[PDB]
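Each remark here refers to the structure printed beneath this line.
There are 4 protein chains.
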Amino acid sequence: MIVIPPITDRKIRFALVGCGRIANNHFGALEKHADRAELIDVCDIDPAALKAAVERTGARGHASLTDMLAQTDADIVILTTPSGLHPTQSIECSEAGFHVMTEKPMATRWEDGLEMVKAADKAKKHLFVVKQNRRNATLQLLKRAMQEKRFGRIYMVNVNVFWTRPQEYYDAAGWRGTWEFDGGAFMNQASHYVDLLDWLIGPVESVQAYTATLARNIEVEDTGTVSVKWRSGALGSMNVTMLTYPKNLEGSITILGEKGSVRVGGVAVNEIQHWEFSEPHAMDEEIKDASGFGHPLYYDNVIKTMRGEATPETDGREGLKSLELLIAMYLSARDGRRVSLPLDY
Amino acid sequence: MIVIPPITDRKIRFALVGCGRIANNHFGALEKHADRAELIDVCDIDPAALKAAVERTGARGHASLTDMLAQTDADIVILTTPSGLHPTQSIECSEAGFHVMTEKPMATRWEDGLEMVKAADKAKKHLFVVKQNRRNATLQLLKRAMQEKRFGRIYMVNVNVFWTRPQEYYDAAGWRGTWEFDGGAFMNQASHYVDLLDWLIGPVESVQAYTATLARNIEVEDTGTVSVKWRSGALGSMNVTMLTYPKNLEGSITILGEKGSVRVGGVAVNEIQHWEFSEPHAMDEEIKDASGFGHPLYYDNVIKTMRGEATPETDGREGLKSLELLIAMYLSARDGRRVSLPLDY
Amino acid sequence: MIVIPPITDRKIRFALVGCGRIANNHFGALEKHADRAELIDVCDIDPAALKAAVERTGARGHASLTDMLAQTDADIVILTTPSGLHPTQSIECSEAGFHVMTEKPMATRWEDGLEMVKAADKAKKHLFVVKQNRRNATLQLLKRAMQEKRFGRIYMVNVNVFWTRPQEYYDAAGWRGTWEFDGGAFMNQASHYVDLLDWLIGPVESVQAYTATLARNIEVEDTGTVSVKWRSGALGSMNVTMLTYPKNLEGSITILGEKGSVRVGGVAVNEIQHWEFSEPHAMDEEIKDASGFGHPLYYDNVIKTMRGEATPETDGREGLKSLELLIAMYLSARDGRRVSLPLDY
Amino acid sequence: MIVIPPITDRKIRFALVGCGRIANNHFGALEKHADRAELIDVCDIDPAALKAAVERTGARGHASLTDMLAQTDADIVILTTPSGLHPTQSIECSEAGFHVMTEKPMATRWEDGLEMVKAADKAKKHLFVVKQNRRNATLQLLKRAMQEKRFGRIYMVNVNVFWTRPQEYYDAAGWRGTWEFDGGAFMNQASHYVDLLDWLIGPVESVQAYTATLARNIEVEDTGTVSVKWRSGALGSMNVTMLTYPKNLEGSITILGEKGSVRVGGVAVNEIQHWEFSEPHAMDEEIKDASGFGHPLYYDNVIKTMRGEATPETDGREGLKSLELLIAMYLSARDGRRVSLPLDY
Ligand SMILES: NC(=O)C1=CN([C@@H]2O[C@H](COP(=O)(O)OP(=O)(O)OC[C@H]3O[C@@H](n4cnc5c(N)ncnc54)[C@H](O)[C@@H]3O)[C@@H](O)[C@H]2O)C=CC1
Ligand SMILES: NC(=O)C1=CN([C@@H]2O[C@H](COP(=O)(O)OP(=O)(O)OC[C@H]3O[C@@H](n4cnc5c(N)ncnc54)[C@H](O)[C@@H]3O)[C@@H](O)[C@H]2O)C=CC1
Ligand SMILES: NC(=O)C1=CN([C@@H]2O[C@H](COP(=O)(O)OP(=O)(O)OC[C@H]3O[C@@H](n4cnc5c(N)ncnc54)[C@H](O)[C@@H]3O)[C@@H](O)[C@H]2O)C=CC1
Ligand SMILES: NC(=O)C1=CN([C@@H]2O[C@H](COP(=O)(O)OP(=O)(O)OC[C@H]3O[C@@H](n4cnc5c(N)ncnc54)[C@H](O)[C@@H]3O)[C@@H](O)[C@H]2O)C=CC1
Ligand SMILES: CC(=O)N[C@H]1[C@@H](OP(=O)(O)OP(=O)(O)OC[C@H]2O[C@@H](n3ccc(=O)[nH]c3=O)[C@H](O)[C@@H]2O)O[C@H](C(=O)O)[C@@H](O)[C@@H]1O
Ligand SMILES: CC(=O)N[C@H]1[C@@H](OP(=O)(O)OP(=O)(O)OC[C@H]2O[C@@H](n3ccc(=O)[nH]c3=O)[C@H](O)[C@@H]2O)O[C@H](C(=O)O)[C@@H](O)[C@@H]1O
Ligand SMILES: CC(=O)N[C@H]1[C@@H](OP(=O)(O)OP(=O)(O)OC[C@H]2O[C@@H](n3ccc(=O)[nH]c3=O)[C@H](O)[C@@H]2O)O[C@H](C(=O)O)[C@@H](O)[C@@H]1O
Ligand SMILES: CC(=O)N[C@H]1[C@@H](OP(=O)(O)OP(=O)(O)OC[C@H]2O[C@@H](n3ccc(=O)[nH]c3=O)[C@H](O)[C@@H]2O)O[C@H](C(=O)O)[C@@H](O)[C@@H]1O
Ligand SMILES: [Cl-]
Ligand SMILES: [Cl-]
Ligand SMILES: [Cl-]
Ligand SMILES: [Cl-]
Ligand code: NA
Ligand code: NA
Ligand code: NA
Ligand code: NA
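Protein chains in written order, with PDB author numbering: chain S, 1 to 291, 298 to 351; chain Z, 1 to 291, 298 to 351; chain B, 1 to 291, 298 to 351; chain C, 1 to 291, 298 to 351.
See the structure below:
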């Protein structure tokens with residue numbers, strides 16, 4: 001990271017590639033931030049999807065990324081393509097001189113994640129990874145409790161993601177449900193919960209995982225469980241399935257330590273259900289209210311970074327922390343063995 | 001198992017060894033069943049504990065098991081001694097011609113469990129193992145739902161035992177907190193929940209476990225997590241700690257299958273919290289009411311068995327199913343490897 | 001094996017324990033051989049099954065094996081009980097001074113098989129294991145071709161047992177479908193085909209196996225496949241399932257060597273389907289006709311042995327050859343690893 | 001994959017490198033499709049083989065691939081060279097701006113297969129892999145039955161390739177019978193049957209393999225067997241030998257599921273021998289008739311793709327599915343261990 005000069009007297013310019021489902025949320029976010037930011041170029045290999053985006057946003061349209069990169073003077077290129085394409089696209093963006101914002105997960109394979117970080121490092125350009133859930137109110141209070149050491153020593157952690165994805169979800173596009181482009185219940189659907197393991201609880205020492213495809217016609221897991229050991233000695237598990245009858249049931253985390261016990265549950269870690277500490281704290285009166299956000303807030307940090315006003319909340323190197331866990335869980339489930347971190351020396 | 005003749009025209013006679021804490025619950029149970037059963041002999045190596053039992057129950061007292069066995073004409077000898085003594089005591093009882101009822105867990109080491117079953121087999125006498133929680137109302141409804149196949153294919157299971165045991169609990173006696181005589185959070189405190197894994201969900205294929213002593217001054221685990229794979233493909237985890245702040249928090253099970261989702265929680269699997277099936281069933285109207299029992303009910307089955315009126319709900323061979331899981335979890339945690347079942351060919 | 005004196009001037013005396021399904025075939029066999037042999041004592045722990053046997057055969061009845069052994073002057077005690085009981089019963093017979101004929105498989109666990117052989121050795125009494133299929137006409141021609149070296153070097157072997165067993169088969173009795181008493185598709189249903197691996201092809205070096213319970217509600221496998229390597233370098237596989245739609249389809253073996261190719265198929269290795277050798281042989285004209299037997303013939307060898315006229319076709323030591331393969335296949339499937347022979351040094 | 005523009009108003013142009021045995025079948029195929037396609041350039045490092053091709057086809061001749069690539073304006077470059085050369089040649093073609101059609105197998109080493117896909121991806125050009133057997137009538141009906149779910153849950157699969165290749169087959173050229181350029185019984189001779197494992201039955205979880213050179217003077221296997229486990233739980237084996245006495249005997253597949261049992265056999269999966277489903281289907285009346299094709303049909307799809315009329319039936323990414331199985335079988339046979347998929351995270 002060299003010092004990069006702030007961008008001062010114009011809006012920040014965005015280009016976007018992959019005009020599908022979540023691109024809608026990025027369009028909305030950018031619309032909100034229209035005084036500080038504009039979307040000037042969009043790219044999709046499917047003419048209709050590209051048509052809809054160009055008509056909605058007013059941006060110029062392009063049929064390939066390589067062409068858009070030859071033309072755009074965007075500051076940042078946003079990757080909202082299938083997950084397994086993020087690495088090659090990010091590296092091409094970096095090598096052409098652009099900051100990159102990649103949707104999660106940043107890669108589907110470990111060396112691809114590493115290579116996208118190395119390319120951004122060498123270009124002296126930012127790589128932002130979208131982890132928009134971290135700023136949720138419940139997850140912020142948890143993070144604050146952790147930063148203050150309210151739990152003392154952590155002993156036990158349980159994360160559950162009991163959700164529902166029918167066959168028609170995976171059949172919506174060829175990329176979905178594939179190792180190369182998607183990953184399964186852990187790498188795609190529950191990835192914002194995998195993220196909590198290192199971000200809230202701290203460095204992981206090792207994992208032991210089982211995964212399976214118990215019902216869907218896909219090659220990735222629809223169901224999995226992982227035993228986790230933290231370098232602090234804390235132990236825990238994360239359990240996920242997309243096969244829950246008959247709709248989404250639970251997105252929860254329970255954290256138990258020496259001097260505190262918390263559970264945040266609901267369908268999406270959205271309800272503080274248990275909140276008990278050995279000593280009270282100012283933050284405790286926000287607890288009913290804790291129970298925009300998402301992409302719009304994420305974009306405020308990216309904009310501030312470009313203006314010299316802040317630093318990335320989640321850069322490529324931060325993204326590697328949860329990717330390395332996902333890849334250790336996948337190796338452990340594949341080979342039936344404990345896999346320890348870090349993956350590389 | 002040869003046919004044994006029913007006992008018809010007298011009360012069933014019990015002797016008991018180990019006049020400590022849970023012996024209180026056996027005394028109460030036997031007092032309840034006083035028309036069908038009597039306690040005629042009690043044994044403890046500690047004079048005071050033995051004194052209290054003899055004065056409460058009226059039974060004759062003995063200072064060693066070997067002496068009591070030379071004297072008593074009990075039908076059944078009840079073992080309420082430290083866990084690691086059950087095997088040698090059971091085998092001595094069997095070899096002297098008595099049916100044995102052992103408190104859980106039946107043994108602390110795998111070959112010791114096997115040997116107590118082999119000795120009872122060779123004597124053609126019963127070995128009952130006390131699993132008094134199975135007849136709890138919540139756990140009975142769950143079992144019934146399982147027997148009816150209400151879930152269809154099971155996908156995902158989570159068991160949590162988040163309880164509290166302070167140092168003074170373990171320091172109460174030398175045997176407690178030791179591998180040889182006790183075992184830890186899984187083998188002692190949460191053993192009635194380990195029991196659910198095979199009894200409710202079915203045959204286990206393998207486990208992967210971590211355990212640790214994170215706070216107590218004992219050699220066994222105070223905290224653990226186990227990843228479980230069932231032969232049906234179902235996956236799950238069980239998470240336990242005795243370090244919960246500041247008192248018992250949760251004893252729960254969640255079961256997710258193709259056509260059903262259930263959670264029974266509370267501090268002791270005592271509250272049906274989620275109960276959703278694809279088709280209704282008669283058993284569904286008992287659900288508020290589900291939310298004596300324990301030892302007294304256990305004793306009714308043991309009495310009925312002795313009278314020819316039933317068969318054991320939980321004999322030594324049934325007890326080996328959860329013991330084999332505990333021993334696989336302990337081997338897996340010790341060696342950091344997946345351990346698959348059955349343990350012996 | 002000491003020299004045992006022939007039995008000359010009376011019929012050979014049999015006792016039988018376990019008056020169930022295959023005991024019918026032993027009764028028939030003994031009825032056939034009524035001039036050389038008689039059944040004088042029968043034993044079953046179920047009063048009705050014992051009643052039926054006593055009324056059919058005229059033998060005296062007993063309610064326990066231990067009693068029958070105290071009374072009978074049988075030469076041989078026949079074990080037609082659940083498989084997992086054969087070892088303890090055989091050892092008791094041997095230790096009481098009787099020759100034993102055990103139904104297959106001889107044991108369900110390796111050390112139990114070893115112990116029954118050791119006990120018969122120490123008693124200087126025979127242990128016969130029932131492998132009645134070996135004398136089938138098709139299997140005899142195959143064996144003869146092997147003994148003559150008609151194939152030259154063996155290269156490739158495939159055995160398929162594609163059969164059908166519905167849930168009601170396993171539910172018929174508690175012992176069925178259990179590791180301890182039965183074993184699964186390999187150890188029970190297809191055991192006469194496992195037998196061919198060492199008996200026809202020769203010493204096995206190692207196996208690699210997968211097994212699963214894909215549909216039945218039992219703890220043993222309903223489906224399996226094993227990769228086999230012979231010490232000669234020959235390779236092969238055996239594939240079994242009890243889940244075949246909608247009835248028994250195939251019991252076959254294919255053997256390929258340097259100078260010969262054979263397939264014997266049908267539902268039960270009963271049809272010579274392919275029979276091609278580099279040089280013709282006298283045995284080749286029996287080939288249409290090859291395409298009593300069973301228990302009656304087995305009994306002729308047992309009778310002849312007792313009369314000094316022959317030696318056992320299949321004694322306990324011969325039975326250990328296929329048991330050791332089954333146990334290596336079970337260990338390999340359980341642990342996901344190649345298992346090499348012999349099991350013990 | 002960018003959108004590539006269709007080729008409309010001329011024939012598609014082909015160039016071919018490696019004017020040996022199977023190039024004959026490509027010449028024939030191209031002759032058939034002479035109104036839509038022409039072969040304009042041929043390449044061989046052996047002057048005579050090149051002479052014969054140029055005189056047969058009328059194409060211009062070249063002595064090196066690098067020269068032909070500098071000259072030809074072919075749309076597609078066809079690789080009919082030794083297998084181990086396909087990757088370097090494909091990558092050179094891609095980097096020079098050509099679509100590539102490679103003969104099977106696409107590579108002999110895993111990273112080489114990956115690299116040829118990566119190079120075609122980066123060039124935005126097609127990589128077709130020749131799997132001409134998939135459109136065989138028998139294999140199409142099987143595929144259709146699979147797509148319709150006629151079997152319900154699959155339980156058991158057996159593939160046998162019992163064929164004959166004498167020493168003179170391998171001695172025909174230096175490349176044959178070598179790991180680097182050929183592979184053995186699985187990667188070369190039976191590769192169209194390995195292909196069925198993922199294409200018909202679905203994603204594979206793991207394999208366990210033995211291979212050997214039992215008779216031929218080559219370094220690759222002439223004989224092998226593989227135990228296979230599918231992610232669905234289905235199990236099976238594939239058995240291959242090139243040592244069959246005295247000529248090709250069997251190319252078969254047997255598939256057993258919940259509600260269907262099929263066997264397609266003959267010398268080359270060319271005879272529907274067993275075809276039994278729980279419910280009839282329109283496709284069932286084609287069954288006698290099922291019992298051009300090959301390269302000519304393959305070429306119709308390649309031509310249609312170039313004309314915008316279809317997409318590849320088998321592109322490089324599709325080719326990686328069977329290559330990854332072959333490489334897992336080779337690693338498993340080499341190291342004597344179960345090898346699980348996918349190979350890369
Ligand atoms: N942050 C979050 O919470 C979420 C993130 N995502 C991530 O967003 C990405 C997109 O997911 P969706 O929008 O759901 O998928 P989608 O299938 O709806 O979007 C696919 C878009 O990319 C286009 N495309 C494919 N290849 C391309 C190429 N080479 N060049 C240009 N465009 C190409 C497709 O034509 C399509 O319009 C994935 O990485 C996913 O993990 C998705 C949902 C939630
Ligand atoms: N079913 C359930 O839910 C429960 C079962 N238990 C089981 O009951 C057993 C007893 O636990 P506690 O009553 O809590 O322990 P305790 O320490 O209160 O009881 C110990 C008794 O055994 C006596 N003793 C020790 N060695 C002896 C010997 N060689 N001969 C005769 N007496 C001897 C001690 O003097 C003492 O009175 C353990 O196996 C435990 O796992 C305990 C609590 C709950
Ligand atoms: N050679 C072959 O081809 C076959 C061999 N078998 C073998 O025969 C044995 C019996 O199988 P089935 O006759 O099918 O089973 P079964 O369940 O029909 O026979 C069970 C008999 O043993 C009795 N029994 C159980 N425990 C006993 C005890 N402790 N003492 C005395 N009797 C006892 C039961 O009451 C019952 O009558 C098994 O080992 C089986 O593997 C069975 C079928 C085929
Ligand atoms: N799809 C199918 O069913 C079949 C596919 N094949 C595949 O086709 C390929 C060729 O096999 P064959 O035609 O049987 O072999 P071959 O040995 O008959 O053909 C070899 C040709 O390539 C030439 N050659 C070697 N190195 C070269 C180079 N650097 N540049 C140019 N030419 C070179 C040789 O001189 C020779 O004419 C192999 O990959 C094989 O696996 C072969 C038979 C069947
Ligand atoms: C914040 C967060 O955790 N986000 C994750 C989350 O996103 P998002 O909230 O947008 O999903 P959304 O709830 O709309 O359901 C999506 C489909 O589910 C099906 N769906 C959903 C719920 C249900 O009960 N049943 C059901 O069929 C139905 O088909 C829906 O169309 O799911 C994304 C995904 O899976 O691709 C993950 O990638 C994200 O990490
Ligand atoms: C049915 C069931 O699951 N039984 C298990 C259960 O039994 P039982 O219910 O009798 O325990 P009980 O709740 O009385 O607390 C015991 C001590 O805990 C301490 N204790 C308890 C709760 C708490 O909040 N804090 C605390 O210190 C306090 O010191 C208590 O004296 O705990 C047993 C044990 O541990 O030996 C297990 O062996 C049993 O399997
Ligand atoms: C010689 C040989 O290989 N013997 C083996 C064989 O014996 P035996 O031939 O006597 O079986 P038998 O064919 O009568 O079917 C038995 C039941 O199958 C069910 N059965 C059978 C066939 C079928 O199509 N469908 C079916 O339901 C039906 O319920 C039948 O009642 O099966 C025995 C068994 O399994 O215990 C194995 O232990 C033996 O090794
Ligand atoms: C469709 C299919 O499965 N194709 C595979 C198949 O191709 P193709 O059908 O063209 O073989 P072909 O039957 O002509 O015999 C070839 C030689 O075998 C010898 N051969 C053959 C049969 C026999 O009985 N004896 C014999 O010596 C004789 O020397 C023959 O010259 O064999 C190819 C090969 O091996 O290189 C595999 O690469 C292909 O995957
Ligand atoms: Cl919740
Ligand atoms: Cl709760
Ligand atoms: Cl057949
Ligand atoms: Cl055939
Ligand atoms: Na898995
Ligand atoms: Na531990
Ligand atoms: Na298995
Ligand atoms: Na090999």
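Every residue gets a Cβ at the ideal spot worked out from N, C-alpha and C, and that includes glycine.
Whose C-beta lies closer than 6 Å to the C-beta of residue i among residues of the same chain, with five residues either side of it excluded?
i: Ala209 (chain Z); result: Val226, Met335, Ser338, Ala339
i: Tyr305 (chain C); result: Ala29, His33
i: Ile255 (chain C); result: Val157, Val262
i: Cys43 (chain S); result: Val17, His62, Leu65, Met68
Which chain Z residues are close to residue i, counting only those with a beta carbon under 7 Å from its beta carbon?
i: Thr213 (chain B); result: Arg231
Shorter than 7 Å, the distance from the beta carbon of residue i to the closest heavy atom of ligand 4, or not?
i: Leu85 (chain C); result: yes
Find the residues of chain C that neighbour residue i, judging by a C-beta separation of less than 8 Å, and give them in chain order.
i: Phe162 (chain B); result: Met156, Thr254, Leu256, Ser261
Going along chain B, which residues have a C-beta under 7 Å from residue i?
i: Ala145 (chain C); result: Simply none; closest approach about 13 Å.
i: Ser346 (chain Z); result: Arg340, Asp341
i: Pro203 (chain Z); result: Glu219
I want to verify the contact list: residues of chain S whose CB lies under 9 Å from the CB of residue i, in sequence order.
i: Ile4 (chain C); result: What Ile4 (chain C) touches in chain S: nothing, since even the nearest Cβ is about 11 Å away.
Quick one: list the residues of chain B neighbouring residue i, beta-carbon separation under 8 Å, in chain order.
i: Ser227 (chain C); result: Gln208, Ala209, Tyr210, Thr225, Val226, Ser227, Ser237
For residue i, is the beta carbon positioned less than 7 Å from some heavy atom of ligand 12?
i: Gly266 (chain B); result: no
Is any heavy atom in ligand 6 found nearer than 7 Å to the beta carbon of residue i?
i: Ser252 (chain Z); result: no
Using a Cβ cut-off of 7 Å, pull out every chain C residue sitting near residue i, in sequence order please.
i: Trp179 (chain S); result: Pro348
Excluding the five sequence neighbours on either side, which residues of its own chain have a C-beta within less than 8 Å of the C-beta of residue i, listed in chain order?
i: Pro246 (chain S); result: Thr164
In chain Z, what lies closer than 8 Å to residue i by C-beta?
i: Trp110 (chain B); result: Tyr351
ask   = Taking Cβ-Cβ distances below 7 Å as the criterion, which residues of the stretch 48-65 of chain B are in contact with chain Z?
value = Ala63, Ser64
query = Residue ranges of each alpha helix (DSSP H) run of no fewer than 4 residues wholly in the stretch 140-203 of chain S, ordered along the chain?
reply = 167-171, 191-196
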